[PDB]
J.: 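Got a structure for you, questions after.
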Amino acid sequence: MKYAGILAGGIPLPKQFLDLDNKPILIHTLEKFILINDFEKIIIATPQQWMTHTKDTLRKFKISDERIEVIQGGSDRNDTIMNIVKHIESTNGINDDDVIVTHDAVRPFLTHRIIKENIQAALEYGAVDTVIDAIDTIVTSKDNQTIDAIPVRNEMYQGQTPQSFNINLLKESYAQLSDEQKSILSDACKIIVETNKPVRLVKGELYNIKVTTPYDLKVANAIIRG
Amino acid sequence: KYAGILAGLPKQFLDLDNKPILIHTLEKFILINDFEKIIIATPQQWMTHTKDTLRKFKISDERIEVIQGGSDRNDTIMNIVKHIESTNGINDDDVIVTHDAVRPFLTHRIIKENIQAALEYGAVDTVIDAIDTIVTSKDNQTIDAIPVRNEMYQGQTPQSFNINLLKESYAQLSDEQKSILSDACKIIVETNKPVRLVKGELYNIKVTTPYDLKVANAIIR
(Lines give C-alpha, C1' and ligand atoms only; values in the text may rest on other atoms or scores of the structure.)
Protein backbone atom coordinates (compact mmCIF):
# COMPACT_ATOMS: atom_id res chain seq x y z
CA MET A 1 0.00 0.00 0.00
CA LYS A 2 1.03 3.57 -0.83
CA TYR A 3 1.00 6.51 1.58
CA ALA A 4 1.72 10.23 1.26
CA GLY A 5 3.46 12.12 4.06
CA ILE A 6 3.21 15.90 3.68
CA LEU A 7 5.72 17.69 5.90
CA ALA A 8 4.23 21.05 6.88
CA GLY A 9 6.86 22.71 9.04
CA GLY A 10 6.76 25.65 11.39
CA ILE A 11 8.51 29.01 11.00
CA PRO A 12 4.82 34.98 11.87
CA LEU A 13 3.09 32.51 9.56
CA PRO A 14 4.62 29.34 8.10
CA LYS A 15 5.15 29.77 4.38
CA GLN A 16 2.67 27.03 3.43
CA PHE A 17 -0.12 29.40 4.56
CA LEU A 18 1.00 32.20 2.23
CA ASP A 19 -1.43 32.91 -0.59
CA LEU A 20 -0.66 31.88 -4.18
CA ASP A 21 -3.37 33.23 -6.51
CA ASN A 22 -5.84 33.45 -3.58
CA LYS A 23 -5.20 29.90 -2.35
CA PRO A 24 -2.60 28.87 0.28
CA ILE A 25 0.50 27.01 -0.91
CA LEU A 26 -0.45 24.06 1.30
CA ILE A 27 -3.74 23.66 -0.63
CA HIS A 28 -1.93 23.74 -3.99
CA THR A 29 0.37 20.98 -2.78
CA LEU A 30 -2.43 18.84 -1.35
CA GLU A 31 -4.52 19.11 -4.52
CA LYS A 32 -1.70 17.43 -6.45
CA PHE A 33 -1.83 14.42 -4.09
CA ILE A 34 -5.65 14.25 -3.94
CA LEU A 35 -5.74 13.56 -7.67
CA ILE A 36 -3.85 10.29 -7.31
CA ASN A 37 -6.15 7.52 -6.12
CA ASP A 38 -3.17 5.22 -5.39
CA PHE A 39 -2.62 6.73 -1.93
CA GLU A 40 -4.39 4.93 0.92
CA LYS A 41 -3.86 7.89 3.27
CA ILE A 42 -2.57 11.42 2.74
CA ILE A 43 -1.07 12.48 6.07
CA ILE A 44 -0.12 16.07 6.85
CA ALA A 45 2.29 16.27 9.75
CA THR A 46 2.67 19.69 11.31
CA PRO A 47 3.69 21.12 14.72
CA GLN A 48 0.91 21.23 17.31
CA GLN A 49 1.00 25.05 16.99
CA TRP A 50 -0.31 24.83 13.39
CA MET A 51 -2.61 21.80 13.58
CA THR A 52 -5.92 23.61 13.99
CA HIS A 53 -4.94 26.25 11.46
CA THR A 54 -4.17 23.43 9.01
CA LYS A 55 -7.57 21.81 9.58
CA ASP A 56 -9.39 25.13 9.25
CA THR A 57 -7.51 25.91 6.06
CA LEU A 58 -8.38 22.60 4.43
CA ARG A 59 -12.04 23.29 5.20
CA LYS A 60 -11.97 26.88 3.96
CA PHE A 61 -10.74 25.68 0.56
CA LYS A 62 -13.28 22.83 0.37
CA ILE A 63 -10.78 19.99 0.75
CA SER A 64 -13.00 17.03 1.60
CA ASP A 65 -10.97 13.94 0.64
CA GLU A 66 -11.60 11.18 3.19
CA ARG A 67 -7.95 10.00 2.97
CA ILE A 68 -6.50 13.20 4.50
CA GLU A 69 -5.43 13.21 8.15
CA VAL A 70 -3.62 15.94 10.12
CA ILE A 71 -1.21 14.70 12.81
CA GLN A 72 1.43 16.26 15.04
CA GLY A 73 4.97 16.41 13.70
CA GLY A 74 8.12 15.57 15.58
CA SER A 75 11.33 17.10 16.88
CA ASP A 76 13.09 17.31 13.49
CA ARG A 77 12.36 16.38 9.88
CA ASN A 78 13.25 12.71 10.33
CA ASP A 79 11.40 12.42 13.65
CA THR A 80 8.36 13.87 11.86
CA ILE A 81 8.60 11.26 9.10
CA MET A 82 8.82 8.60 11.79
CA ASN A 83 5.71 10.05 13.48
CA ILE A 84 3.91 9.52 10.16
CA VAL A 85 5.21 5.96 9.98
CA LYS A 86 4.02 5.28 13.53
CA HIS A 87 0.59 6.71 12.68
CA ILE A 88 0.30 4.40 9.66
CA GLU A 89 1.51 1.49 11.75
CA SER A 90 -1.06 2.13 14.49
CA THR A 91 -4.02 2.57 12.16
CA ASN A 92 -3.42 0.12 9.29
CA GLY A 93 -0.31 -1.83 10.23
CA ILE A 94 2.62 -2.00 7.83
CA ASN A 95 2.90 -4.41 4.92
CA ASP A 96 6.11 -5.77 3.42
CA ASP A 97 5.51 -3.81 0.23
CA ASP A 98 4.33 -0.49 1.73
CA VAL A 99 5.93 2.73 0.43
CA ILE A 100 5.68 6.29 1.75
CA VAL A 101 6.11 9.35 -0.49
CA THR A 102 7.26 12.23 1.78
CA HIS A 103 7.12 15.76 0.48
CA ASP A 104 7.48 19.37 1.68
CA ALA A 105 4.23 21.35 1.93
CA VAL A 106 6.06 24.42 0.51
CA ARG A 107 6.82 22.64 -2.76
CA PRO A 108 3.46 23.04 -4.56
CA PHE A 109 4.77 22.61 -8.10
CA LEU A 110 5.74 18.94 -8.13
CA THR A 111 3.98 17.01 -10.89
CA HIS A 112 1.78 13.97 -11.26
CA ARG A 113 4.73 12.41 -13.12
CA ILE A 114 7.13 13.07 -10.25
CA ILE A 115 4.74 11.49 -7.72
CA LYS A 116 3.97 8.37 -9.79
CA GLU A 117 7.63 7.82 -10.63
CA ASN A 118 8.51 8.18 -6.93
CA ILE A 119 6.04 5.43 -6.10
CA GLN A 120 7.36 3.11 -8.81
CA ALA A 121 11.01 3.73 -7.89
CA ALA A 122 10.26 3.20 -4.19
CA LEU A 123 8.63 -0.17 -4.93
CA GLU A 124 11.54 -1.22 -7.15
CA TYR A 125 14.53 0.17 -5.21
CA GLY A 126 13.30 0.98 -1.68
CA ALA A 127 14.63 4.54 -1.43
CA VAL A 128 14.26 7.52 -3.71
CA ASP A 129 15.48 11.12 -3.83
CA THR A 130 14.01 13.70 -6.20
CA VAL A 131 16.88 15.82 -7.55
CA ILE A 132 17.80 18.07 -10.46
CA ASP A 133 21.13 18.55 -12.19
CA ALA A 134 22.92 21.45 -10.52
CA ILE A 135 21.82 24.71 -12.16
CA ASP A 136 24.93 26.63 -11.09
CA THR A 137 28.44 25.31 -10.56
CA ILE A 138 28.83 23.79 -7.09
CA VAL A 139 31.69 25.31 -5.09
CA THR A 140 32.85 23.85 -1.78
CA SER A 141 34.43 25.63 1.18
CA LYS A 142 35.36 24.49 4.68
CA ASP A 143 35.75 28.02 6.13
CA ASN A 144 32.98 30.15 4.51
CA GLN A 145 35.80 32.36 3.11
CA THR A 146 37.84 30.60 0.40
CA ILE A 147 37.28 27.88 -2.18
CA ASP A 148 38.20 24.38 -1.08
CA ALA A 149 37.23 22.48 -4.25
CA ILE A 150 35.20 22.84 -7.43
CA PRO A 151 33.93 19.28 -7.98
CA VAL A 152 33.12 17.71 -11.31
CA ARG A 153 29.96 19.49 -12.36
CA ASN A 154 28.14 16.61 -13.98
CA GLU A 155 28.29 14.65 -10.69
CA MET A 156 26.51 17.37 -8.68
CA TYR A 157 22.75 17.47 -8.03
CA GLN A 158 20.39 19.70 -6.05
CA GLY A 159 17.93 17.74 -3.93
CA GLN A 160 14.26 18.51 -3.90
CA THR A 161 11.36 16.40 -2.62
CA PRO A 162 9.49 13.97 -2.73
CA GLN A 163 11.72 11.51 -0.94
CA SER A 164 10.18 8.06 -0.97
CA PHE A 165 10.83 4.81 0.83
CA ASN A 166 9.77 1.26 1.40
CA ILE A 167 8.46 1.76 4.92
CA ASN A 168 10.06 -1.32 6.49
CA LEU A 169 13.40 -0.27 4.97
CA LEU A 170 13.05 3.23 6.43
CA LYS A 171 12.20 1.82 9.88
CA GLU A 172 15.12 -0.62 9.78
CA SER A 173 17.63 2.05 8.72
CA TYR A 174 16.39 4.62 11.25
CA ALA A 175 16.73 1.94 13.92
CA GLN A 176 20.24 1.28 12.57
CA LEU A 177 21.59 4.74 13.35
CA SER A 178 23.51 6.25 16.23
CA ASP A 179 21.93 8.72 18.63
CA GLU A 180 24.43 11.21 17.20
CA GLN A 181 23.47 10.22 13.63
CA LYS A 182 19.79 10.68 14.37
CA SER A 183 20.86 13.76 16.25
CA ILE A 184 22.55 15.77 13.39
CA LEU A 185 21.07 14.07 10.23
CA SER A 186 18.50 16.44 8.70
CA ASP A 187 18.02 14.72 5.29
CA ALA A 188 15.65 11.74 5.05
CA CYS A 189 17.62 10.13 2.20
CA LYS A 190 20.80 10.53 4.21
CA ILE A 191 19.27 8.04 6.66
CA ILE A 192 19.41 5.44 3.90
CA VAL A 193 22.78 6.58 2.46
CA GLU A 194 24.42 6.45 5.88
CA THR A 195 23.22 2.89 6.54
CA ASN A 196 24.82 2.08 3.16
CA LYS A 197 21.74 1.25 1.18
CA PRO A 198 21.17 2.53 -2.37
CA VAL A 199 19.08 5.62 -3.02
CA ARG A 200 17.68 5.92 -6.53
CA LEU A 201 17.44 9.30 -8.25
CA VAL A 202 14.23 10.62 -9.76
CA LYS A 203 14.70 13.77 -11.78
CA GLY A 204 12.64 16.70 -10.52
CA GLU A 205 11.78 19.87 -12.37
CA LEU A 206 13.40 23.28 -12.30
CA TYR A 207 10.09 24.75 -11.21
CA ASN A 208 9.70 22.32 -8.29
CA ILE A 209 11.02 25.06 -5.99
CA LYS A 210 10.63 25.40 -2.24
CA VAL A 211 8.79 28.60 -1.30
CA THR A 212 10.70 29.99 1.66
CA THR A 213 11.59 33.62 0.77
CA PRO A 214 9.76 36.63 -0.73
CA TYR A 215 11.76 36.12 -3.94
CA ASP A 216 10.47 32.54 -4.03
CA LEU A 217 6.92 33.84 -3.51
CA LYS A 218 7.30 36.13 -6.56
CA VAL A 219 8.54 33.24 -8.69
CA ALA A 220 5.81 30.98 -7.30
CA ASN A 221 3.11 33.45 -8.27
CA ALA A 222 4.54 33.38 -11.80
CA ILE A 223 4.69 29.55 -11.89
CA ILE A 224 1.14 29.08 -10.58
CA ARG A 225 -0.27 30.90 -13.61
CA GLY A 226 1.37 28.77 -16.33
CA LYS B 1 39.61 48.62 -12.04
CA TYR B 2 38.07 47.17 -15.22
CA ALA B 3 34.79 45.43 -15.99
CA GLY B 4 34.73 42.51 -18.39
CA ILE B 5 31.21 41.64 -19.48
CA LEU B 6 31.02 38.34 -21.38
CA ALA B 7 28.35 38.38 -24.12
CA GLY B 8 28.01 35.13 -26.08
CA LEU B 9 19.24 35.99 -31.24
CA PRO B 10 21.78 35.64 -28.39
CA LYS B 11 20.18 35.36 -24.98
CA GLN B 12 21.55 38.72 -23.76
CA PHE B 13 19.35 40.47 -26.35
CA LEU B 14 16.16 38.82 -25.07
CA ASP B 15 13.70 41.22 -23.47
CA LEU B 16 13.34 41.50 -19.69
CA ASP B 17 10.42 43.79 -18.82
CA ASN B 18 10.77 45.42 -22.26
CA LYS B 19 14.52 46.05 -22.05
CA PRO B 20 17.21 43.57 -23.21
CA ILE B 21 19.03 41.62 -20.49
CA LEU B 22 22.36 43.12 -21.61
CA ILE B 23 21.11 46.64 -20.82
CA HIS B 24 19.86 45.55 -17.38
CA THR B 25 23.32 44.13 -16.63
CA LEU B 26 25.23 47.14 -18.03
CA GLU B 27 23.19 49.60 -15.95
CA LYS B 28 24.53 48.11 -12.69
CA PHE B 29 28.14 48.52 -13.84
CA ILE B 30 27.61 52.03 -15.15
CA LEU B 31 26.58 53.16 -11.67
CA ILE B 32 29.96 52.07 -10.21
CA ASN B 33 32.40 54.89 -10.98
CA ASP B 34 35.51 52.93 -9.91
CA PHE B 35 35.73 51.34 -13.36
CA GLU B 36 38.25 52.85 -15.76
CA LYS B 37 36.72 50.92 -18.66
CA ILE B 38 33.66 48.71 -19.05
CA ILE B 39 34.41 46.30 -21.89
CA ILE B 40 31.75 44.14 -23.55
CA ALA B 41 33.38 41.29 -25.46
CA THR B 42 31.13 39.61 -27.99
CA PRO B 43 31.47 37.74 -31.32
CA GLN B 44 32.19 39.95 -34.33
CA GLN B 45 28.72 39.39 -35.80
CA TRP B 46 27.13 41.01 -32.72
CA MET B 47 29.34 44.05 -32.13
CA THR B 48 27.33 46.65 -34.07
CA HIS B 49 24.02 45.29 -32.79
CA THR B 50 25.52 45.57 -29.31
CA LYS B 51 26.60 49.15 -29.96
CA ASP B 52 23.24 49.96 -31.53
CA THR B 53 21.37 48.46 -28.58
CA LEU B 54 23.34 50.60 -26.13
CA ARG B 55 22.51 53.68 -28.19
CA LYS B 56 18.84 52.70 -28.39
CA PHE B 57 18.61 52.56 -24.59
CA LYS B 58 20.41 55.87 -23.93
CA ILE B 59 23.58 54.22 -22.68
CA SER B 60 25.93 57.18 -22.90
CA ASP B 61 29.16 56.35 -21.08
CA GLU B 62 32.58 56.99 -22.56
CA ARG B 63 34.03 54.11 -20.50
CA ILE B 64 32.05 51.50 -22.45
CA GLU B 65 33.85 49.75 -25.29
CA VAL B 66 32.66 46.81 -27.40
CA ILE B 67 35.42 44.42 -28.51
CA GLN B 68 35.62 41.14 -30.39
CA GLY B 69 35.26 38.07 -28.21
CA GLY B 70 37.30 34.90 -28.22
CA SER B 71 37.03 31.22 -29.07
CA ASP B 72 35.54 30.27 -25.68
CA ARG B 73 34.80 31.98 -22.37
CA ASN B 74 38.43 31.92 -21.19
CA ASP B 75 39.84 33.07 -24.52
CA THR B 76 37.28 35.89 -24.36
CA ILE B 77 38.42 36.91 -20.87
CA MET B 78 41.95 36.97 -22.21
CA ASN B 79 40.85 39.00 -25.23
CA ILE B 80 39.52 41.55 -22.75
CA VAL B 81 42.77 41.73 -20.78
CA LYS B 82 44.84 41.90 -23.98
CA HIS B 83 42.65 44.80 -25.14
CA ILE B 84 43.23 46.51 -21.78
CA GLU B 85 46.95 45.79 -22.18
CA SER B 86 47.14 47.30 -25.66
CA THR B 87 45.14 50.40 -24.76
CA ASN B 88 46.11 51.35 -21.18
CA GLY B 89 48.80 48.93 -19.98
CA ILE B 90 48.57 47.03 -16.68
CA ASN B 91 49.53 48.29 -13.21
CA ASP B 92 50.63 46.13 -10.28
CA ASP B 93 47.29 46.60 -8.51
CA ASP B 94 44.94 46.48 -11.51
CA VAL B 95 41.81 44.30 -11.10
CA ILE B 96 39.16 43.03 -13.52
CA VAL B 97 35.59 42.19 -12.52
CA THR B 98 34.36 39.59 -15.02
CA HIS B 99 30.65 38.96 -15.30
CA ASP B 100 28.14 37.21 -17.56
CA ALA B 101 25.84 39.55 -19.48
CA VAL B 102 22.98 37.11 -18.80
CA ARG B 103 23.20 37.76 -15.07
CA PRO B 104 21.28 41.06 -14.90
CA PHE B 105 20.34 40.97 -11.20
CA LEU B 106 23.73 41.44 -9.53
CA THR B 107 23.84 44.25 -6.99
CA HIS B 108 25.92 47.32 -6.24
CA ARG B 109 27.01 45.54 -3.06
CA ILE B 110 28.16 42.48 -5.00
CA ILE B 111 30.30 44.56 -7.39
CA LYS B 112 31.84 46.71 -4.65
CA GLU B 113 32.68 43.64 -2.56
CA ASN B 114 34.17 41.98 -5.63
CA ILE B 115 36.43 45.01 -6.04
CA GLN B 116 37.63 44.89 -2.39
CA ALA B 117 38.25 41.14 -2.55
CA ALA B 118 40.23 41.35 -5.76
CA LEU B 119 42.42 44.13 -4.34
CA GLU B 120 42.91 42.26 -1.05
CA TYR B 121 43.30 38.64 -2.15
CA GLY B 122 43.86 38.64 -5.92
CA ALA B 123 40.98 36.29 -6.87
CA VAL B 124 37.31 36.08 -5.90
CA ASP B 125 34.23 33.99 -6.72
CA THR B 126 30.68 35.22 -6.11
CA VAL B 127 28.71 32.33 -4.53
CA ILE B 128 25.55 31.68 -2.50
CA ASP B 129 24.96 29.18 0.28
CA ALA B 130 23.39 26.10 -1.28
CA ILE B 131 19.62 26.39 -0.84
CA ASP B 132 18.99 22.67 -1.29
CA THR B 133 20.80 19.63 -0.06
CA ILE B 134 23.56 18.78 -2.53
CA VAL B 135 23.71 15.15 -3.66
CA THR B 136 26.46 13.51 -5.71
CA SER B 137 26.21 10.68 -8.24
CA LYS B 138 28.62 8.85 -10.54
CA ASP B 139 26.02 7.05 -12.70
CA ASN B 140 23.23 9.67 -12.97
CA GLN B 141 21.01 7.00 -11.29
CA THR B 142 22.00 6.37 -7.61
CA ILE B 143 23.39 8.55 -4.83
CA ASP B 144 27.14 8.34 -4.25
CA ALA B 145 27.38 10.77 -1.33
CA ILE B 146 25.49 13.50 0.49
CA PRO B 147 28.25 15.96 1.49
CA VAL B 148 28.18 18.30 4.47
CA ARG B 149 25.47 20.86 3.83
CA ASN B 150 27.22 23.93 5.27
CA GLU B 151 30.22 23.37 2.96
CA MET B 152 28.15 23.58 -0.27
CA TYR B 153 27.79 26.77 -2.35
CA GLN B 154 26.40 27.65 -5.78
CA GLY B 155 28.75 29.63 -8.02
CA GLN B 156 27.56 32.74 -9.78
CA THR B 157 29.42 35.70 -11.25
CA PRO B 158 31.17 38.19 -11.00
CA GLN B 159 34.53 36.50 -10.72
CA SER B 160 37.14 39.14 -10.08
CA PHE B 161 40.93 39.02 -10.25
CA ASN B 162 44.13 40.95 -9.93
CA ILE B 163 45.06 41.20 -13.59
CA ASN B 164 48.74 40.23 -13.24
CA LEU B 165 47.70 37.13 -11.24
CA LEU B 166 45.22 36.08 -13.94
CA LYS B 167 47.75 36.62 -16.74
CA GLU B 168 50.29 34.51 -14.82
CA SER B 169 47.82 31.70 -14.08
CA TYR B 170 46.46 31.42 -17.63
CA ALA B 171 50.00 31.52 -19.04
CA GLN B 172 51.13 28.55 -16.94
CA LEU B 173 48.53 26.05 -18.25
CA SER B 174 47.54 24.16 -21.38
CA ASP B 175 44.81 25.65 -23.58
CA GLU B 176 43.41 22.14 -23.66
CA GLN B 177 43.64 22.13 -19.88
CA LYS B 178 42.17 25.65 -19.95
CA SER B 179 39.13 24.54 -21.98
CA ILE B 180 38.44 21.44 -19.89
CA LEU B 181 38.37 23.80 -16.85
CA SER B 182 36.10 26.50 -18.26
CA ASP B 183 35.47 28.10 -14.89
CA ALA B 184 37.96 30.95 -14.48
CA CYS B 185 38.16 30.45 -10.72
CA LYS B 186 38.79 26.77 -11.33
CA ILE B 187 41.81 27.76 -13.43
CA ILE B 188 43.14 29.91 -10.60
CA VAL B 189 42.50 27.03 -8.17
CA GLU B 190 44.44 24.72 -10.46
CA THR B 191 47.39 27.17 -10.55
CA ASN B 192 47.75 26.91 -6.72
CA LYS B 193 46.40 30.31 -5.60
CA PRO B 194 43.58 30.95 -3.08
CA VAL B 195 40.15 32.18 -4.21
CA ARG B 196 38.15 34.40 -1.83
CA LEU B 197 34.32 34.18 -1.55
CA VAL B 198 31.87 37.07 -1.89
CA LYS B 199 28.23 36.15 -1.23
CA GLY B 200 25.88 36.77 -4.15
CA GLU B 201 22.10 36.81 -3.99
CA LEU B 202 19.53 34.08 -4.55
CA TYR B 203 18.11 36.12 -7.45
CA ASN B 204 21.51 36.58 -9.16
CA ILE B 205 20.48 33.91 -11.68
CA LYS B 206 21.69 33.44 -15.24
CA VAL B 207 19.01 33.79 -17.92
CA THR B 208 19.73 30.94 -20.37
CA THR B 209 16.41 29.14 -20.99
CA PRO B 210 12.77 30.12 -21.62
CA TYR B 211 12.11 29.00 -18.06
CA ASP B 212 14.91 31.28 -16.84
CA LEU B 213 13.41 34.19 -18.77
CA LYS B 214 10.02 33.57 -17.14
CA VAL B 215 11.67 33.53 -13.69
CA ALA B 216 13.60 36.69 -14.54
CA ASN B 217 10.46 38.56 -15.60
CA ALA B 218 8.92 37.40 -12.32
CA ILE B 219 11.86 38.73 -10.28
CA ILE B 220 11.85 42.11 -12.01
CA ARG B 221 8.06 42.61 -11.84
Side-chain angles (χ1 to χ4, degrees), chain A residues 125 127-129 131-141 143-161 163 185-190 192-194 197-201 203-207 209-210 212-213 215-223 225-226, chain B residues 105 121 123-157 181-183 185-190 194-197 199-206 208-209 211-212 214-220:
Chain A
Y125 300 103
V128 183
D129 205 355
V131 312
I132 50 168
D133 307 23
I135 294 166
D136 283 336
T137 298
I138 298 317
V139 183
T140 74
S141 174
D143 60 0
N144 203 44
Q145 310 292 345
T146 63
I147 298 194
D148 194 56
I150 308 189
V152 182
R153 198 175 179 304
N154 61 84
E155 300 182 354
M156 303 312 277
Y157 301 79
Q158 293 164 233
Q160 316 176 317
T161 70
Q163 301 179 313
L185 267 297
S186 158
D187 188 84
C189 286
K190 218 173 166 163
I192 309 304
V193 171
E194 294 247 3
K197 284 116 184 219
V199 179
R200 196 78 185 180
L201 298 193
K203 294 308 180 63
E205 304 285 350
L206 301 175
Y207 46 81
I209 64 166
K210 171 193 229 175
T212 37
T213 64
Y215 154 70
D216 295 321
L217 191 61
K218 284 198 122 155
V219 181
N221 280 296
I223 294 166
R225 278 125 176 125
Chain B
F105 297 131
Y121 305 98
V124 47
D125 205 3
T126 301
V127 310
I128 59 159
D129 298 25
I131 85 189
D132 296 315
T133 294
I134 304 307
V135 163
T136 67
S137 175
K138 305 283 211 182
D139 60 9
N140 196 44
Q141 302 172 70
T142 63
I143 298 185
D144 189 55
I146 303 197
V148 196
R149 173 57 186 285
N150 82 285
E151 304 192 348
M152 303 314 274
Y153 302 81
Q154 298 160 25
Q156 322 181 311
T157 73
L181 318 152
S182 178
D183 187 314
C185 290
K186 211 186 168 53
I187 292 179
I188 302 297
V189 157
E190 280 296 281
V195 177
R196 215 76 192 183
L197 299 185
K199 295 312 185 66
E201 305 285 349
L202 289 158
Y203 46 81
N204 187 34
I205 65 168
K206 56 189 173 206
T208 297
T209 69
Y211 174 72
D212 298 330
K214 292 180 174 54
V215 176
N217 276 292
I219 300 163
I220 206 62

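Chain letters run A, B, ... following the sequence lines, proteins first, then strands; residues in each count from 1.
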J.: Tell me, for A:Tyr207 versus chain B, whether the close heavy atoms (under 4.5 Å) come from the side chain, the backbone, both or neither.
T.: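 Its backbone and side chain both get close to chain B.
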J.: For each of B:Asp129, B:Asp144, B:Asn140, B:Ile205, tally heavy-atom pairs with chain A at distances under 4.5 Å, and name the one with the top tally.
T.: B:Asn140
J.: Can you measure from CD (A:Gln160) to CD1 (B:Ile131) and round to the nearest 0.5 angstrom?
T.: 9.0 Å
J.: In terms of heavy-atom pairs under 4.5 Å, which option from A:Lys210, A:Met156, A:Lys190, A:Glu194 contacts chain B the most?
T.: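 Answer, by heavy-atom pair count under 4.5 Å with chain B: A:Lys190.
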J.: So which of A:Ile223, A:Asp187, A:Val152, A:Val131 has the biggest tally of heavy-atom pairs under 4.5 Å with chain B?
T.: A:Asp187
J.: Is any side-chain heavy atom of B:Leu197 closer than 4.5 Å to a side-chain heavy atom of A:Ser141?
T.: yes
J.: Tell me which of these, B:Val124, B:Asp139, B:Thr133, has more heavy-atom pairs under 4.5 Å with chain A than the rest.
T.: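 Top count of heavy-atom pairs under 4.5 Å with chain A: B:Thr133.
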J.: Distance check, rounded to the nearest 0.5 Å: A:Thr213 atom OG1 versus B:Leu202 atom CG?
T.: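 Nearest 0.5 Å value for the OG1-CG distance: 6.0 Å.
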J.: Does any backbone or side-chain atom of A:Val219 lie under 4.5 Å from a heavy atom of chain B? Answer side chain, backbone, both or neither.
T.: both
J.: Using 0.5 Å steps for rounding, measure from the OH atom of B:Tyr153 to the CD1 atom of A:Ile138.
T.: 12.0 Å
J.: Relative to chain A, which of B:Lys199, B:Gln154, B:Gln141 shows the most heavy atom pairs under 4.5 Å?
T.: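 Sorted descending by pairs with chain A, the first entry is B:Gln141.
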J.: Please report the shortest heavy-atom distance between A:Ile150 and B:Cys185, naming the atom on each side.
T.: CD1-C, 4.1 Å
J.: Working to the nearest 0.5 Å, report the span between CD1 of B:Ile219 and CG of A:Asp216.
T.: 9.5 Å
